[PDB]
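Listing of work20.pdb, PDB, C-alpha atoms and all ligand atoms
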ATOM      1  CA  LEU G  34     -26.916   9.455   6.489
ATOM      2  CA  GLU G  35     -26.208  13.140   6.254
ATOM      3  CA  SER G  36     -27.132  13.193  10.010
ATOM      4  CA  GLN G  37     -25.152  10.228  11.332
ATOM      5  CA  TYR G  38     -21.779  11.938  10.677
ATOM      6  CA  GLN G  39     -20.615  15.515  11.226
ATOM      7  CA  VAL G  40     -18.236  16.298   8.319
ATOM      8  CA  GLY G  41     -15.070  18.404   8.231
ATOM      9  CA  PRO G  42     -12.601  19.433   5.583
ATOM     10  CA  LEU G  43     -11.317  17.768   2.515
ATOM     11  CA  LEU G  44      -8.270  15.512   3.033
ATOM     12  CA  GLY G  45      -7.413  14.777  -0.695
ATOM     13  CA  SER G  46      -8.893  13.586  -4.076
ATOM     14  CA  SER G  51     -13.302  12.754  -2.707
ATOM     15  CA  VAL G  52     -12.330  12.086   1.009
ATOM     16  CA  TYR G  53     -13.319  14.258   3.978
ATOM     17  CA  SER G  54     -12.579  14.150   7.650
ATOM     18  CA  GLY G  55     -15.573  13.311   9.817
ATOM     19  CA  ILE G  56     -16.595  12.351  13.344
ATOM     20  CA  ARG G  57     -19.181   9.623  13.769
ATOM     21  CA  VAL G  58     -21.843  11.298  15.880
ATOM     22  CA  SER G  59     -22.782   8.099  17.840
ATOM     23  CA  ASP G  60     -19.389   8.337  19.590
ATOM     24  CA  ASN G  61     -17.374  10.974  17.598
ATOM     25  CA  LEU G  62     -15.091   8.239  16.423
ATOM     26  CA  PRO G  63     -12.759   9.865  13.962
ATOM     27  CA  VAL G  64     -13.640   8.771  10.421
ATOM     28  CA  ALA G  65     -12.728   9.408   6.834
ATOM     29  CA  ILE G  66     -15.519   9.876   4.376
ATOM     30  CA  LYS G  67     -14.684   8.845   0.807
ATOM     31  CA  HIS G  68     -16.870   9.615  -2.227
ATOM     32  CA  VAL G  69     -16.476   7.727  -5.473
ATOM     33  CA  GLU G  70     -18.337   8.626  -8.689
ATOM     34  CA  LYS G  71     -20.208   5.838 -10.440
ATOM     35  CA  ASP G  72     -19.104   7.157 -13.842
ATOM     36  CA  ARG G  73     -15.487   6.960 -12.595
ATOM     37  CA  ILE G  74     -15.760   3.309 -11.424
ATOM     38  CA  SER G  75     -13.914   0.731 -13.542
ATOM     39  CA  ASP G  76     -14.822  -2.568 -11.793
ATOM     40  CA  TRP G  77     -17.965  -3.748 -10.045
ATOM     41  CA  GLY G  78     -18.861  -6.685  -7.744
ATOM     42  CA  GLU G  79     -21.907  -7.927  -5.750
ATOM     43  CA  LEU G  80     -22.839  -8.934  -2.138
ATOM     44  CA  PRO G  81     -26.097 -10.905  -1.674
ATOM     45  CA  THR G  84     -26.543  -6.178  -4.830
ATOM     46  CA  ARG G  85     -24.076  -4.280  -7.133
ATOM     47  CA  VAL G  86     -21.170  -2.298  -5.635
ATOM     48  CA  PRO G  87     -17.721  -1.016  -6.485
ATOM     49  CA  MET G  88     -15.141  -3.766  -6.358
ATOM     50  CA  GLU G  89     -13.497  -1.546  -3.790
ATOM     51  CA  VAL G  90     -16.266  -2.279  -1.247
ATOM     52  CA  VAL G  91     -16.069  -6.006  -1.903
ATOM     53  CA  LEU G  92     -12.372  -5.987  -1.293
ATOM     54  CA  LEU G  93     -12.648  -3.817   1.792
ATOM     55  CA  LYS G  94     -15.263  -6.148   3.379
ATOM     56  CA  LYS G  95     -13.064  -9.110   2.664
ATOM     57  CA  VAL G  96     -10.153  -7.555   4.535
ATOM     58  CA  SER G  97     -12.008  -5.340   7.065
ATOM     59  CA  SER G  98     -11.886  -7.878   9.741
ATOM     60  CA  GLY G  99      -9.935  -6.796  12.851
ATOM     61  CA  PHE G 100      -6.205  -6.800  12.131
ATOM     62  CA  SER G 101      -5.193  -3.145  12.118
ATOM     63  CA  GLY G 102      -2.690  -3.273   9.211
ATOM     64  CA  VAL G 103      -5.492  -2.345   6.844
ATOM     65  CA  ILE G 104      -7.845   0.587   6.993
ATOM     66  CA  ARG G 105     -11.202  -0.794   8.127
ATOM     67  CA  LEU G 106     -14.440   0.045   6.193
ATOM     68  CA  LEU G 107     -17.008   0.864   8.856
ATOM     69  CA  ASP G 108     -19.966   1.472   6.567
ATOM     70  CA  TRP G 109     -21.046   2.641   3.117
ATOM     71  CA  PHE G 110     -24.035   4.222   1.325
ATOM     72  CA  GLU G 111     -25.148   4.457  -2.245
ATOM     73  CA  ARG G 112     -26.416   7.745  -3.705
ATOM     74  CA  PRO G 113     -27.750   8.798  -7.042
ATOM     75  CA  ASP G 114     -24.343   9.135  -8.704
ATOM     76  CA  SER G 115     -21.832   8.016  -6.149
ATOM     77  CA  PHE G 116     -21.040   5.648  -3.263
ATOM     78  CA  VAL G 117     -19.800   6.929   0.074
ATOM     79  CA  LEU G 118     -17.417   4.919   2.162
ATOM     80  CA  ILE G 119     -16.962   5.399   5.886
ATOM     81  CA  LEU G 120     -13.422   4.472   6.717
ATOM     82  CA  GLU G 121     -11.457   4.433   9.922
ATOM     83  CA  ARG G 122      -9.333   7.495  10.649
ATOM     84  CA  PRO G 123      -6.317   7.487  12.982
ATOM     85  CA  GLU G 124      -5.359  10.788  14.426
ATOM     86  CA  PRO G 125      -2.710  12.072  14.416
ATOM     87  CA  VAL G 126      -1.689  10.493  11.191
ATOM     88  CA  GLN G 127       0.551  11.139   8.186
ATOM     89  CA  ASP G 128       0.964   9.339   4.915
ATOM     90  CA  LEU G 129       4.296   7.806   4.038
ATOM     91  CA  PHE G 130       4.753  10.007   0.998
ATOM     92  CA  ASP G 131       4.576  13.189   3.083
ATOM     93  CA  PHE G 132       6.603  11.612   5.833
ATOM     94  CA  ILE G 133       9.384  10.807   3.361
ATOM     95  CA  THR G 134       9.138  14.141   1.626
ATOM     96  CA  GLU G 135       9.723  15.848   4.966
ATOM     97  CA  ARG G 136      12.104  13.617   6.820
ATOM     98  CA  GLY G 137      14.162  12.560   3.702
ATOM     99  CA  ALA G 138      15.597   9.017   3.434
ATOM    100  CA  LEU G 139      14.635   6.933   6.474
ATOM    101  CA  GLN G 140      17.147   5.244   8.745
ATOM    102  CA  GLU G 141      17.316   1.493   8.096
ATOM    103  CA  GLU G 142      15.906   0.642  11.474
ATOM    104  CA  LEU G 143      12.832   2.697  10.817
ATOM    105  CA  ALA G 144      12.498   1.537   7.207
ATOM    106  CA  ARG G 145      12.757  -2.047   8.590
ATOM    107  CA  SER G 146       9.884  -1.559  11.045
ATOM    108  CA  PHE G 147       7.749   0.158   8.385
ATOM    109  CA  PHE G 148       8.528  -2.276   5.641
ATOM    110  CA  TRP G 149       7.790  -5.220   7.950
ATOM    111  CA  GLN G 150       4.413  -3.799   8.883
ATOM    112  CA  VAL G 151       3.604  -3.367   5.203
ATOM    113  CA  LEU G 152       4.535  -6.951   4.578
ATOM    114  CA  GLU G 153       2.205  -8.112   7.386
ATOM    115  CA  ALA G 154      -0.625  -6.102   5.839
ATOM    116  CA  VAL G 155      -0.119  -7.352   2.303
ATOM    117  CA  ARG G 156       0.042 -10.902   3.623
ATOM    118  CA  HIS G 157      -3.274 -10.250   5.364
ATOM    119  CA  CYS G 158      -4.854  -9.005   2.152
ATOM    120  CA  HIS G 159      -3.614 -11.958   0.127
ATOM    121  CA  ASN G 160      -4.683 -14.260   2.874
ATOM    122  CA  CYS G 161      -8.187 -12.694   2.697
ATOM    123  CA  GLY G 162      -8.176 -13.329  -1.086
ATOM    124  CA  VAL G 163      -7.486  -9.703  -2.045
ATOM    125  CA  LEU G 164      -4.700  -8.202  -4.225
ATOM    126  CA  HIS G 165      -4.041  -4.456  -3.635
ATOM    127  CA  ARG G 166      -2.232  -3.522  -6.936
ATOM    128  CA  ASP G 167      -1.229  -0.088  -5.873
ATOM    129  CA  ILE G 168       1.180  -0.551  -2.970
ATOM    130  CA  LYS G 169       3.188   2.715  -2.528
ATOM    131  CA  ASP G 170       4.025   5.471  -0.009
ATOM    132  CA  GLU G 171       0.841   7.505  -0.698
ATOM    133  CA  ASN G 172      -1.298   4.470   0.068
ATOM    134  CA  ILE G 173       0.278   3.963   3.471
ATOM    135  CA  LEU G 174      -0.838   5.793   6.589
ATOM    136  CA  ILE G 175       1.245   6.157   9.689
ATOM    137  CA  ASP G 176      -0.490   6.312  13.062
ATOM    138  CA  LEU G 177       2.159   8.520  14.610
ATOM    139  CA  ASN G 178       1.330   7.745  18.258
ATOM    140  CA  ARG G 179       1.204   3.990  18.052
ATOM    141  CA  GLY G 180       3.875   3.580  15.295
ATOM    142  CA  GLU G 181       1.408   1.518  13.227
ATOM    143  CA  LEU G 182       1.054   1.594   9.432
ATOM    144  CA  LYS G 183      -2.244   1.060   7.595
ATOM    145  CA  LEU G 184      -2.784   0.258   3.917
ATOM    146  CA  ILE G 185      -5.402   2.382   2.151
ATOM    147  CA  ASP G 186      -7.124   2.795  -1.133
ATOM    148  CA  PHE G 187      -8.291  -0.466  -2.543
ATOM    149  CA  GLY G 188      -9.585   1.289  -5.664
ATOM    150  CA  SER G 189      -7.257  -0.387  -8.154
ATOM    151  CA  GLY G 190      -7.438  -3.747  -6.319
ATOM    152  CA  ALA G 191      -8.791  -7.169  -7.445
ATOM    153  CA  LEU G 192      -9.744 -10.562  -6.136
ATOM    154  CA  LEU G 193      -6.526 -12.487  -5.757
ATOM    155  CA  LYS G 194      -6.009 -15.257  -8.297
ATOM    156  CA  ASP G 195      -3.277 -17.520  -9.588
ATOM    157  CA  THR G 196      -3.829 -16.905 -13.304
ATOM    158  CA  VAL G 197      -2.492 -13.962 -15.264
ATOM    159  CA  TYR G 198      -3.771 -10.400 -14.981
ATOM    160  CA  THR G 199      -4.134  -8.464 -18.211
ATOM    161  CA  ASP G 200      -5.430  -5.212 -16.704
ATOM    162  CA  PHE G 201      -3.660  -2.771 -14.405
ATOM    163  CA  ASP G 202      -4.606   0.720 -13.329
ATOM    164  CA  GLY G 203      -2.289   1.243 -10.387
ATOM    165  CA  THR G 204       0.830   3.374 -10.467
ATOM    166  CA  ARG G 205       3.108   2.867 -13.407
ATOM    167  CA  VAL G 206       6.473   3.604 -11.773
ATOM    168  CA  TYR G 207       5.656   0.869  -9.242
ATOM    169  CA  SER G 208       4.516  -1.589 -11.946
ATOM    170  CA  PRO G 209       6.820  -4.379 -13.047
ATOM    171  CA  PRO G 210       8.605  -4.906 -16.320
ATOM    172  CA  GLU G 211       6.342  -7.798 -17.428
ATOM    173  CA  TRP G 212       3.473  -5.334 -17.276
ATOM    174  CA  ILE G 213       5.409  -2.740 -19.177
ATOM    175  CA  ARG G 214       6.523  -5.170 -21.933
ATOM    176  CA  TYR G 215       3.602  -7.651 -22.180
ATOM    177  CA  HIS G 216       0.580  -6.291 -20.318
ATOM    178  CA  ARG G 217       0.652  -9.535 -18.307
ATOM    179  CA  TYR G 218       1.561 -10.171 -14.626
ATOM    180  CA  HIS G 219       0.886 -12.508 -11.743
ATOM    181  CA  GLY G 220      -0.444 -10.943  -8.547
ATOM    182  CA  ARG G 221       2.122 -11.938  -6.001
ATOM    183  CA  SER G 222       5.165 -11.479  -8.060
ATOM    184  CA  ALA G 223       4.093  -8.018  -9.250
ATOM    185  CA  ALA G 224       3.295  -7.131  -5.619
ATOM    186  CA  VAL G 225       6.794  -8.166  -4.607
ATOM    187  CA  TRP G 226       8.140  -5.834  -7.267
ATOM    188  CA  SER G 227       6.051  -2.913  -6.010
ATOM    189  CA  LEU G 228       7.529  -3.691  -2.599
ATOM    190  CA  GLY G 229      11.077  -3.540  -3.857
ATOM    191  CA  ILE G 230      10.226  -0.086  -5.325
ATOM    192  CA  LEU G 231       8.783   0.978  -1.965
ATOM    193  CA  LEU G 232      11.717  -0.234   0.067
ATOM    194  CA  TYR G 233      14.144   1.721  -2.255
ATOM    195  CA  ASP G 234      11.970   4.783  -1.679
ATOM    196  CA  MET G 235      12.142   4.361   2.089
ATOM    197  CA  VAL G 236      15.862   4.078   2.208
ATOM    198  CA  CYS G 237      16.803   6.411  -0.625
ATOM    199  CA  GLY G 238      14.085   9.061  -0.189
ATOM    200  CA  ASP G 239      12.808   8.640  -3.745
ATOM    201  CA  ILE G 240      11.772   5.943  -6.246
ATOM    202  CA  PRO G 241      14.460   4.315  -8.346
ATOM    203  CA  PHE G 242      12.858   4.388 -11.866
ATOM    204  CA  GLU G 243      10.967   7.159 -13.622
ATOM    205  CA  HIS G 244      10.945   5.851 -17.221
ATOM    206  CA  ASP G 245       9.678   2.682 -18.835
ATOM    207  CA  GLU G 246      13.161   1.849 -20.115
ATOM    208  CA  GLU G 247      14.683   2.133 -16.655
ATOM    209  CA  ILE G 248      12.043  -0.282 -15.413
ATOM    210  CA  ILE G 249      12.710  -2.698 -18.231
ATOM    211  CA  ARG G 250      16.515  -2.433 -17.780
ATOM    212  CA  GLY G 251      16.222  -3.150 -14.037
ATOM    213  CA  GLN G 252      19.642  -1.731 -12.924
ATOM    214  CA  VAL G 253      19.412  -0.184  -9.443
ATOM    215  CA  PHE G 254      21.711   2.700  -8.546
ATOM    216  CA  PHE G 255      21.902   3.633  -4.850
ATOM    217  CA  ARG G 256      21.966   7.297  -4.343
ATOM    218  CA  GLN G 257      22.324   7.088  -0.547
ATOM    219  CA  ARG G 258      24.404   4.979   1.793
ATOM    220  CA  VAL G 259      22.487   1.686   2.167
ATOM    221  CA  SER G 260      23.756  -1.442   3.857
ATOM    222  CA  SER G 261      24.757  -4.359   1.701
ATOM    223  CA  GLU G 262      22.006  -6.608   3.043
ATOM    224  CA  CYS G 263      19.324  -3.997   2.285
ATOM    225  CA  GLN G 264      20.615  -3.443  -1.249
ATOM    226  CA  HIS G 265      20.570  -7.223  -1.833
ATOM    227  CA  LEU G 266      16.974  -7.522  -0.626
ATOM    228  CA  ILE G 267      15.953  -4.695  -2.871
ATOM    229  CA  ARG G 268      17.727  -6.090  -5.908
ATOM    230  CA  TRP G 269      16.089  -9.381  -5.179
ATOM    231  CA  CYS G 270      12.542  -8.008  -5.092
ATOM    232  CA  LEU G 271      13.452  -6.173  -8.304
ATOM    233  CA  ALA G 272      14.614  -9.228 -10.250
ATOM    234  CA  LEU G 273      13.534  -9.012 -13.843
ATOM    235  CA  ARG G 274      12.135 -12.589 -14.144
ATOM    236  CA  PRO G 275       9.040 -12.710 -11.888
ATOM    237  CA  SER G 276       9.926 -16.156 -10.745
ATOM    238  CA  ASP G 277      13.337 -14.943  -9.490
ATOM    239  CA  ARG G 278      11.718 -12.635  -6.941
ATOM    240  CA  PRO G 279      11.378 -13.743  -3.382
ATOM    241  CA  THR G 280       8.121 -14.953  -1.785
ATOM    242  CA  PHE G 281       6.690 -12.993   1.136
ATOM    243  CA  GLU G 282       8.350 -15.580   3.329
ATOM    244  CA  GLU G 283      11.788 -15.252   1.844
ATOM    245  CA  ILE G 284      11.547 -11.461   2.262
ATOM    246  CA  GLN G 285      10.675 -11.793   5.945
ATOM    247  CA  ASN G 286      13.446 -14.341   6.542
ATOM    248  CA  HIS G 287      16.011 -12.162   4.849
ATOM    249  CA  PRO G 288      18.800 -11.093   7.251
ATOM    250  CA  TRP G 289      18.060  -7.421   6.733
ATOM    251  CA  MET G 290      14.606  -8.141   8.197
ATOM    252  CA  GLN G 291      15.798  -9.591  11.550
ATOM    253  CA  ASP G 292      15.213  -7.925  14.931
ATOM    254  CA  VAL G 293      12.421  -5.606  13.870
ATOM    255  CA  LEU G 294      11.199  -3.091  16.371
ATOM    256  CA  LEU G 295       7.697  -3.261  17.720
ATOM    257  CA  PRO G 296       5.445  -0.450  16.518
ATOM    258  CA  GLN G 297       5.285   1.233  19.947
ATOM    259  CA  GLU G 298       9.113   1.203  20.185
ATOM    260  CA  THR G 299       9.193   2.509  16.643
ATOM    261  CA  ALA G 300       7.008   5.480  17.626
ATOM    262  CA  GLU G 301       9.020   6.263  20.784
ATOM    263  CA  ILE G 302      12.402   6.250  19.134
ATOM    264  CA  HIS G 303      11.499   7.672  15.730
ATOM    265  CA  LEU G 304       8.104   9.303  15.890
ATOM    266  CA  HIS G 305       7.324  11.006  19.243
TER
HETATM  267  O1  LIG G 401      -9.070   4.993   0.434
HETATM  268  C1  LIG G 401      -8.572   6.095   0.145
HETATM  269  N1  LIG G 401      -8.395   6.566  -1.105
HETATM  270  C2  LIG G 401      -7.808   7.803  -1.043
HETATM  271  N2  LIG G 401      -7.514   8.581  -2.098
HETATM  272  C3  LIG G 401      -7.922   8.258  -3.459
HETATM  273  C4  LIG G 401      -9.366   8.623  -3.629
HETATM  274  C5  LIG G 401     -10.228   9.425  -2.917
HETATM  275  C6  LIG G 401     -11.533   9.477  -3.458
HETATM  276  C7  LIG G 401     -11.703   8.698  -4.607
HETATM  277  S1  LIG G 401     -10.199   7.919  -4.965
HETATM  278  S2  LIG G 401      -7.514   8.379   0.552
HETATM  279  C8  LIG G 401      -8.207   6.937   1.261
HETATM  280  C9  LIG G 401      -8.396   6.495   2.641
HETATM  281  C10 LIG G 401      -8.058   7.272   3.818
HETATM  282  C11 LIG G 401      -8.478   6.745   5.023
HETATM  283  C12 LIG G 401      -8.201   7.390   6.194
HETATM  284  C13 LIG G 401      -7.503   8.578   6.169
HETATM  285  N3  LIG G 401      -7.207   9.264   7.319
HETATM  286  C14 LIG G 401      -6.493  10.427   7.282
HETATM  287  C15 LIG G 401      -6.038  10.982   6.077
HETATM  288  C16 LIG G 401      -6.321  10.328   4.857
HETATM  289  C17 LIG G 401      -7.063   9.132   4.872
HETATM  290  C18 LIG G 401      -7.359   8.445   3.723
END
Would you give me this structure, written as structure tokens?
Amino acid sequence: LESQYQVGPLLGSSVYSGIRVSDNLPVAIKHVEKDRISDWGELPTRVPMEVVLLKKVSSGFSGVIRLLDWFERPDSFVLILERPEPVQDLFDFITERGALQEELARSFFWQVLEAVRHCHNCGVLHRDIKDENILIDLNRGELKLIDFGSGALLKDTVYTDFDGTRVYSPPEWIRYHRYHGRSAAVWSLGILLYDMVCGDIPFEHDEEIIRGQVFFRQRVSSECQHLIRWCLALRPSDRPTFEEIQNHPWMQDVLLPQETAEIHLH
């Protein structure tokens, strides 16, 4: 209730810092307006799809933000989420530090891949993978995926709706308003990896997306450029599977998260 959490300041769009009074566990308190909800689901009881998806993934593995509880109110739902502390999102981290060293981008990108695999494996498609939806636990060197608000149940048939981020959306979406979950996710991941290693996204305009040429603006190793170009293949079915990505040579010898924090974060 109002009395089971103390409640601090806004964190962003919706979303306050809080301390669970049972044990002052740090938490994040997210408010979503019923009028602003696109997709709904049920439990055993009508809820935002977001809550369905979160319950399906909120099961131990720390690559995804865990939903600890939720409430319904007259015109909103309120979601109690886990909150690491100290923390920073990948968009701010990149904005400050600039392009990441390959070693660090490798550790981060690997952790993202583990977390997306987990979602898919729990039957959930995120649909908005990007720097702003990735939190860094700066002490442990661990990344967490957030914001399942554009997500969907994973399926093998074609999606004809998207409401994620356009500049991370694939060309098939842009030209046909059709995509398949996995292959579009792989594309978003190619966008994200370019961002990590170049300090910014590679395409701003629809036509750049559709054209698919990748220009590297920073020094990036040949293997990393190849992986990126691969994830950004124009034909969906020419993109790598999660497994091919993780067996790519650029992905070998990844640091553990703790090592990652000691070398690059502390
Ligand atoms: O799930 C999340 N969605 C976020 N932003 C978009 C919206 C907010 C309200 C309606 S739509 S932020 C977020 C989760 C989250 C979880 C833990 C955090 N800890 C520290 C800082 C930010 C955090 C955000």
- Message: Selection in question (the file shown): the PyMOL selection byres (((chain G and resi 278) around 12) and not hetatm). Which residues does it include, as a ChimeraX atom specification?
- Response: /G:209,219,221-229,265-277,279-284
For those residues, write C-alpha atoms to a file as a PDB file, in the frame of the given file.
ATOM      1  CA  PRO G 209       6.820  -4.379 -13.047  1.00  0.00           C
ATOM      2  CA  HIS G 219       0.886 -12.508 -11.743  1.00  0.00           C
ATOM      3  CA  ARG G 221       2.122 -11.938  -6.001  1.00  0.00           C
ATOM      4  CA  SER G 222       5.165 -11.479  -8.060  1.00  0.00           C
ATOM      5  CA  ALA G 223       4.093  -8.018  -9.250  1.00  0.00           C
ATOM      6  CA  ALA G 224       3.295  -7.131  -5.619  1.00  0.00           C
ATOM      7  CA  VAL G 225       6.794  -8.166  -4.607  1.00  0.00           C
ATOM      8  CA  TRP G 226       8.140  -5.834  -7.267  1.00  0.00           C
ATOM      9  CA  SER G 227       6.051  -2.913  -6.010  1.00  0.00           C
ATOM     10  CA  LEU G 228       7.529  -3.691  -2.599  1.00  0.00           C
ATOM     11  CA  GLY G 229      11.077  -3.540  -3.857  1.00  0.00           C
ATOM     12  CA  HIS G 265      20.570  -7.223  -1.833  1.00  0.00           C
ATOM     13  CA  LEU G 266      16.974  -7.522  -0.626  1.00  0.00           C
ATOM     14  CA  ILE G 267      15.953  -4.695  -2.871  1.00  0.00           C
ATOM     15  CA  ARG G 268      17.727  -6.090  -5.908  1.00  0.00           C
ATOM     16  CA  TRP G 269      16.089  -9.381  -5.179  1.00  0.00           C
ATOM     17  CA  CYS G 270      12.542  -8.008  -5.092  1.00  0.00           C
ATOM     18  CA  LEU G 271      13.452  -6.173  -8.304  1.00  0.00           C
ATOM     19  CA  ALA G 272      14.614  -9.228 -10.250  1.00  0.00           C
ATOM     20  CA  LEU G 273      13.534  -9.012 -13.843  1.00  0.00           C
ATOM     21  CA  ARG G 274      12.135 -12.589 -14.144  1.00  0.00           C
ATOM     22  CA  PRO G 275       9.040 -12.710 -11.888  1.00  0.00           C
ATOM     23  CA  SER G 276       9.926 -16.156 -10.745  1.00  0.00           C
ATOM     24  CA  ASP G 277      13.337 -14.943  -9.490  1.00  0.00           C
ATOM     25  CA  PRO G 279      11.378 -13.743  -3.382  1.00  0.00           C
ATOM     26  CA  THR G 280       8.121 -14.953  -1.785  1.00  0.00           C
ATOM     27  CA  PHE G 281       6.690 -12.993   1.136  1.00  0.00           C
ATOM     28  CA  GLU G 282       8.350 -15.580   3.329  1.00  0.00           C
ATOM     29  CA  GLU G 283      11.788 -15.252   1.844  1.00  0.00           C
ATOM     30  CA  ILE G 284      11.547 -11.461   2.262  1.00  0.00           C
TER      31      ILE G 284
END
Specify as a PDB file with C-alpha atoms, keeping the file's coordinate frame each residue included when the PyMOL selection byres (((chain G and resi 151) around 8) and not hetatm) is applied to this file.
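Result written to expr_25.pdb:
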ATOM      1  CA  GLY G 102      -2.690  -3.273   9.211  1.00  0.00           C
ATOM      2  CA  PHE G 147       7.749   0.158   8.385  1.00  0.00           C
ATOM      3  CA  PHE G 148       8.528  -2.276   5.641  1.00  0.00           C
ATOM      4  CA  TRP G 149       7.790  -5.220   7.950  1.00  0.00           C
ATOM      5  CA  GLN G 150       4.413  -3.799   8.883  1.00  0.00           C
ATOM      6  CA  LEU G 152       4.535  -6.951   4.578  1.00  0.00           C
ATOM      7  CA  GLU G 153       2.205  -8.112   7.386  1.00  0.00           C
ATOM      8  CA  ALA G 154      -0.625  -6.102   5.839  1.00  0.00           C
ATOM      9  CA  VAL G 155      -0.119  -7.352   2.303  1.00  0.00           C
ATOM     10  CA  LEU G 182       1.054   1.594   9.432  1.00  0.00           C
ATOM     11  CA  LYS G 183      -2.244   1.060   7.595  1.00  0.00           C
ATOM     12  CA  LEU G 184      -2.784   0.258   3.917  1.00  0.00           C
TER      13      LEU G 184
END
- Item | Using all atoms listed in the file: which of G:253, G:129, G:193, G:120 has the shortest distance to residue G:166 |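 Ranked by minimum distance to residue G:166, first place goes to G:193.
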- Query: Expressed in Å to a single decimal, how great is the separation between atom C3 of ligand LIG 401 (chain G) and atom CA of residue G:95?
  - Reply: 19.1 Å
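Between atom CA of residue G:139 and atom CA of residue G:260 the separation is 12.7 Å.
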Each side padded by 4 Å, which centre and which edge lengths in Å (one decimal) define the axis-aligned box around the listed atoms of stretch 169-178 of chain G? Give them as lines of an AutoDock Vina configuration file.
center_x = 1.4
center_y = 5.6
center_z = 7.9
size_x = 13.3
size_y = 13.8
size_z = 28.8
- Query: From the set G:74, G:259, G:213, G:302, which residue has the shortest atom-to-atom contact distance to ligand LIG 401 (chain G), counting only C-alpha atoms and all ligand atoms?
  - Reply: G:74
- Task: Write out as a ChimeraX atom specification each polymer residue whose atoms come within 9 Å of residue G:105, counting only C-alpha atoms; drop sequence neighbours fewer than 3 positions from it.
- Result: /G:93-94,96-102,119-122,185
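Relative to atom CA of residue G:190, atom CA of residue G:35 is found at 28.2 Å.
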Step by step, measure atom-to-atom distances between ligand LIG 401 (chain G) and each residue using only C-alpha atoms and all ligand atoms, keep those at most 10 Å, then write them as a CSV table (one decimal) with C-alpha atoms, in the coordinates of the input.
chain,number,residue,atom,x,y,z
G,43,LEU,CA,-11.3,17.8,2.5
G,44,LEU,CA,-8.3,15.5,3.0
G,45,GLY,CA,-7.4,14.8,-0.7
G,46,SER,CA,-8.9,13.6,-4.1
G,51,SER,CA,-13.3,12.8,-2.7
G,52,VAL,CA,-12.3,12.1,1.0
G,53,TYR,CA,-13.3,14.3,4.0
G,54,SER,CA,-12.6,14.2,7.6
G,55,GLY,CA,-15.6,13.3,9.8
G,63,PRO,CA,-12.8,9.9,14.0
G,64,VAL,CA,-13.6,8.8,10.4
G,65,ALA,CA,-12.7,9.4,6.8
G,66,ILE,CA,-15.5,9.9,4.4
G,67,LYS,CA,-14.7,8.8,0.8
G,68,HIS,CA,-16.9,9.6,-2.2
G,69,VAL,CA,-16.5,7.7,-5.5
G,70,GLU,CA,-18.3,8.6,-8.7
G,73,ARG,CA,-15.5,7.0,-12.6
G,74,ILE,CA,-15.8,3.3,-11.4
G,89,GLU,CA,-13.5,-1.5,-3.8
G,93,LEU,CA,-12.6,-3.8,1.8
G,103,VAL,CA,-5.5,-2.3,6.8
G,104,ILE,CA,-7.8,0.6,7.0
G,105,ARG,CA,-11.2,-0.8,8.1
G,106,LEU,CA,-14.4,0.0,6.2
G,116,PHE,CA,-21.0,5.6,-3.3
G,117,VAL,CA,-19.8,6.9,0.1
G,118,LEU,CA,-17.4,4.9,2.2
G,119,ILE,CA,-17.0,5.4,5.9
G,120,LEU,CA,-13.4,4.5,6.7
G,121,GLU,CA,-11.5,4.4,9.9
G,122,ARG,CA,-9.3,7.5,10.6
G,123,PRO,CA,-6.3,7.5,13.0
G,124,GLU,CA,-5.4,10.8,14.4
G,125,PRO,CA,-2.7,12.1,14.4
G,126,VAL,CA,-1.7,10.5,11.2
G,127,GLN,CA,0.6,11.1,8.2
G,128,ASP,CA,1.0,9.3,4.9
G,171,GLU,CA,0.8,7.5,-0.7
G,172,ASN,CA,-1.3,4.5,0.1
G,173,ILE,CA,0.3,4.0,3.5
G,174,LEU,CA,-0.8,5.8,6.6
G,175,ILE,CA,1.2,6.2,9.7
G,176,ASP,CA,-0.5,6.3,13.1
G,183,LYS,CA,-2.2,1.1,7.6
G,184,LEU,CA,-2.8,0.3,3.9
G,185,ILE,CA,-5.4,2.4,2.2
G,186,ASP,CA,-7.1,2.8,-1.1
G,187,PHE,CA,-8.3,-0.5,-2.5
G,188,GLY,CA,-9.6,1.3,-5.7
G,189,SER,CA,-7.3,-0.4,-8.2
Expand the PyMOL selection byres (((chain G and resi 179) around 7) and not hetatm) into the individual residues it matches in the shown file, reporting them as a compact mmCIF listing (two decimals) with C-alpha atoms, in the frame of the given file.
# COMPACT_ATOMS: atom_id res chain seq x y z
CA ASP G 176 -0.49 6.31 13.06
CA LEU G 177 2.16 8.52 14.61
CA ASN G 178 1.33 7.74 18.26
CA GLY G 180 3.88 3.58 15.30
CA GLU G 181 1.41 1.52 13.23
CA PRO G 296 5.44 -0.45 16.52
CA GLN G 297 5.28 1.23 19.95
CA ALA G 300 7.01 5.48 17.63
